[PDB]
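Reading the structure
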Amino acid sequence: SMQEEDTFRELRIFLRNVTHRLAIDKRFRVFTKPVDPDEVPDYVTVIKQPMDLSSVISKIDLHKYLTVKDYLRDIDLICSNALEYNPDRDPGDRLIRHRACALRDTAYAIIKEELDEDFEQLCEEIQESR
Ligand SMILES: CC(=O)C1CSC(NC(=O)[C@@H](C)NC(=N)N)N1
Ligand SMILES: CC(=O)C1CSC(NC(=O)[C@@H](C)NC(=N)N)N1
(Lines give C-alpha, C1' and ligand atoms only; values in the text may rest on other atoms or scores of the structure.)
(Ligands and ions follow the chains in the order given, each with its own letter.)
Protein backbone atom coordinates (compact mmCIF):
# COMPACT_ATOMS: atom_id res chain seq x y z
CA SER A 1 0.00 0.00 0.00
CA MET A 2 0.93 3.69 -0.12
CA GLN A 3 1.37 3.78 3.67
CA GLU A 4 3.74 0.81 3.39
CA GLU A 5 5.81 2.56 0.70
CA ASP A 6 5.96 5.65 2.94
CA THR A 7 7.40 3.44 5.69
CA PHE A 8 10.16 2.05 3.47
CA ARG A 9 10.94 5.55 2.20
CA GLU A 10 11.36 6.80 5.78
CA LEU A 11 13.68 3.85 6.42
CA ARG A 12 15.80 4.75 3.37
CA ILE A 13 16.08 8.38 4.55
CA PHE A 14 17.20 7.20 7.99
CA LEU A 15 19.72 4.72 6.54
CA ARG A 16 21.19 7.34 4.20
CA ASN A 17 21.70 9.64 7.17
CA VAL A 18 23.43 6.98 9.29
CA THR A 19 25.62 5.93 6.36
CA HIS A 20 26.60 9.52 5.58
CA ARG A 21 27.66 10.08 9.21
CA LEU A 22 29.85 6.96 9.03
CA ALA A 23 31.31 7.94 5.65
CA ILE A 24 32.42 11.41 6.80
CA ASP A 25 34.26 10.02 9.86
CA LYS A 26 38.01 10.14 9.14
CA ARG A 27 38.52 6.85 11.00
CA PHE A 28 36.36 5.03 8.45
CA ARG A 29 37.90 6.36 5.23
CA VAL A 30 39.30 2.92 4.36
CA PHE A 31 35.72 1.59 4.26
CA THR A 32 34.17 4.32 2.10
CA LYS A 33 35.07 2.89 -1.32
CA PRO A 34 35.72 -0.56 -2.79
CA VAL A 35 39.23 -1.88 -2.35
CA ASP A 36 41.32 -0.91 -5.38
CA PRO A 37 42.72 -4.04 -7.10
CA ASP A 38 45.99 -2.29 -8.03
CA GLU A 39 46.97 -1.07 -4.55
CA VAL A 40 46.18 -4.53 -3.12
CA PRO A 41 45.85 -7.56 -5.43
CA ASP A 42 45.12 -10.42 -3.01
CA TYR A 43 41.85 -8.86 -1.74
CA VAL A 44 39.61 -10.16 -4.56
CA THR A 45 41.00 -13.61 -3.69
CA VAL A 46 40.51 -13.59 0.08
CA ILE A 47 37.21 -11.69 0.39
CA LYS A 48 34.35 -13.40 -1.42
CA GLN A 49 31.70 -10.72 -0.77
CA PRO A 50 33.20 -7.21 -0.72
CA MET A 51 31.22 -4.46 0.97
CA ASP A 52 31.86 -0.75 1.57
CA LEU A 53 29.87 2.34 2.47
CA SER A 54 29.54 3.52 -1.15
CA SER A 55 28.00 0.16 -2.04
CA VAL A 56 25.70 0.47 0.98
CA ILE A 57 24.43 3.82 -0.37
CA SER A 58 23.83 2.25 -3.80
CA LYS A 59 21.84 -0.60 -2.24
CA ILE A 60 19.73 1.84 -0.22
CA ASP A 61 18.85 3.67 -3.43
CA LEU A 62 18.11 0.34 -5.15
CA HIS A 63 15.56 -0.38 -2.37
CA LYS A 64 17.56 -3.43 -1.25
CA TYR A 65 17.10 -2.78 2.50
CA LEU A 66 13.56 -3.30 3.75
CA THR A 67 14.57 -3.63 7.41
CA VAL A 68 17.27 -2.29 9.70
CA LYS A 69 18.41 -5.90 10.07
CA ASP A 70 19.10 -6.10 6.33
CA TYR A 71 21.25 -2.97 6.62
CA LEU A 72 23.24 -4.01 9.69
CA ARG A 73 24.10 -7.32 8.06
CA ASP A 74 25.96 -5.30 5.44
CA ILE A 75 27.59 -3.18 8.18
CA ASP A 76 28.53 -6.46 9.90
CA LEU A 77 29.99 -7.64 6.58
CA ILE A 78 32.21 -4.57 6.22
CA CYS A 79 33.55 -5.38 9.70
CA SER A 80 33.95 -9.16 9.35
CA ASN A 81 35.64 -8.76 5.95
CA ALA A 82 38.18 -6.37 7.50
CA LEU A 83 38.96 -8.71 10.39
CA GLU A 84 39.40 -11.61 7.97
CA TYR A 85 41.59 -9.66 5.58
CA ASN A 86 43.70 -8.21 8.47
CA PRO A 87 44.35 -11.06 10.94
CA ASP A 88 48.05 -10.46 11.81
CA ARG A 89 49.54 -8.84 14.93
CA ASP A 90 51.35 -6.19 12.90
CA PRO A 91 50.22 -2.60 13.53
CA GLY A 92 48.85 -1.99 10.03
CA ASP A 93 46.45 -4.92 10.38
CA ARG A 94 45.66 -4.03 14.00
CA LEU A 95 44.76 -0.45 13.03
CA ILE A 96 42.28 -1.58 10.36
CA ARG A 97 40.70 -4.07 12.78
CA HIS A 98 40.26 -1.37 15.41
CA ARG A 99 38.65 0.93 12.83
CA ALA A 100 36.40 -1.85 11.54
CA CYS A 101 35.15 -2.62 15.04
CA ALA A 102 34.64 1.08 15.73
CA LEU A 103 32.62 1.42 12.51
CA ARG A 104 30.37 -1.46 13.58
CA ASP A 105 30.04 -0.16 17.15
CA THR A 106 29.22 3.34 15.91
CA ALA A 107 26.49 2.16 13.52
CA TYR A 108 24.84 -0.02 16.18
CA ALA A 109 25.02 2.82 18.72
CA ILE A 110 23.41 5.34 16.35
CA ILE A 111 20.60 2.90 15.58
CA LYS A 112 20.09 2.00 19.26
CA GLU A 113 19.86 5.70 20.18
CA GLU A 114 17.87 7.05 17.24
CA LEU A 115 15.70 4.33 15.66
CA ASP A 116 12.30 3.75 17.28
CA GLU A 117 11.90 0.04 18.00
CA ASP A 118 8.26 0.18 16.89
CA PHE A 119 9.38 1.59 13.53
CA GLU A 120 11.82 -1.28 12.99
CA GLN A 121 9.12 -3.78 14.04
CA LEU A 122 6.69 -2.28 11.50
CA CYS A 123 9.30 -2.65 8.74
CA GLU A 124 9.78 -6.29 9.79
CA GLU A 125 6.06 -7.07 9.80
CA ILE A 126 5.50 -5.45 6.40
CA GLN A 127 8.41 -7.46 4.99
CA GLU A 128 7.20 -10.75 6.51
CA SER A 129 3.86 -10.19 4.73
CA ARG A 130 5.56 -10.06 1.30
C1 LIG B 1 39.25 -2.51 3.52
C2 LIG B 1 40.33 -3.38 4.18
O3 LIG B 1 40.05 -4.37 4.87
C4 LIG B 1 41.60 -2.99 3.99
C5 LIG B 1 41.95 -1.95 3.20
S6 LIG B 1 43.68 -1.86 3.26
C7 LIG B 1 43.85 -3.16 4.30
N8 LIG B 1 44.96 -3.70 4.84
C9 LIG B 1 46.20 -3.22 4.57
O10 LIG B 1 46.45 -2.27 3.82
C11 LIG B 1 47.34 -3.94 5.29
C12 LIG B 1 47.56 -3.28 6.66
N13 LIG B 1 47.01 -5.35 5.52
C14 LIG B 1 46.97 -6.28 4.56
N15 LIG B 1 46.64 -7.54 4.86
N16 LIG B 1 47.25 -5.94 3.29
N17 LIG B 1 42.63 -3.64 4.59
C1 LIG C 1 33.93 -7.11 17.13
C2 LIG C 1 35.31 -7.06 17.79
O3 LIG C 1 36.26 -7.72 17.35
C4 LIG C 1 35.44 -6.26 18.84
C5 LIG C 1 36.26 -6.58 19.85
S6 LIG C 1 36.14 -5.35 20.97
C7 LIG C 1 35.03 -4.43 20.10
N8 LIG C 1 34.48 -3.25 20.43
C9 LIG C 1 34.65 -2.71 21.67
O10 LIG C 1 35.28 -3.21 22.60
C11 LIG C 1 33.96 -1.36 21.89
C12 LIG C 1 32.51 -1.59 22.31
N13 LIG C 1 34.68 -0.61 22.94
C14 LIG C 1 35.89 -0.04 22.77
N15 LIG C 1 36.46 0.62 23.79
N16 LIG C 1 36.54 -0.13 21.60
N17 LIG C 1 34.77 -5.09 18.96
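Residues numbered from 1 in each chain as written, not as in the entry; some residues may be left out. Chains lettered and ligands numbered in written order. Heavy atoms only, no water. Residues with missing side-chain atoms left out of burial classes, pairs and counts.

Structure determination for the deposited model, as stated in its record, used X-ray crystallography, and the stated resolution is 1.84 Å.

Moving on: the site of ligand 1. The full set of residues close to ligand 1 is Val 30, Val 35, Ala 82, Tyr 85, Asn 86, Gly 92 and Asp 93. Within the contact set of ligand 1, a nitrogen atom lies 2.9 Å away from a side-chain nitrogen or oxygen of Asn 86. One of the side-chain nitrogen or oxygen atoms of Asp 93 is found 2.8 Å away from a nitrogen atom of ligand 1. For ligand 1, the protein covers 68% of the area, taking 440 Å² as the surface of the free molecule. (Near = heavy atom within 4 Å. Polar contact = N/O pair within 3.5 Å; in protein donor to acceptor, adjacent residues only side chain to side chain. Areas by Shrake-Rupley, 256 points an atom, 1.4 Å probe, with all protein chains shown as cover.)

What the rule picks out here adds up to eight salt bridges. With its nearest N and O atoms 2.8 Å apart, the salt bridge here joins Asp 61 to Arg 16. In this pair, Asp 61 sits in helix α3 (residues 53-61) while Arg 16 sits in helix α1 (residues 2-23), placing the two residues 45 residues apart along the sequence. For the salt bridge of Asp 25 with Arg 27, the shortest nitrogen-to-oxygen distance reads 2.8 Å. The class for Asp 25 is partly exposed, based on a relative accessible area of 21%. According to the relative accessible area criterion, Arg 27 is partly exposed, its value standing at 40%. Linked by salt bridges that have partners in common, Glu 4, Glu 5 and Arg 130 make up one network. (Salt bridge = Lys/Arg side-chain N within 4 Å of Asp/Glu carboxyl O. Helix = DSSP H or I, 4+ residues; strand = E, 2+ residues; numbered from the N terminus. Buried < 20%, exposed > 50% of the residue type's maximum accessible area, 1.4 Å probe, protein only.)

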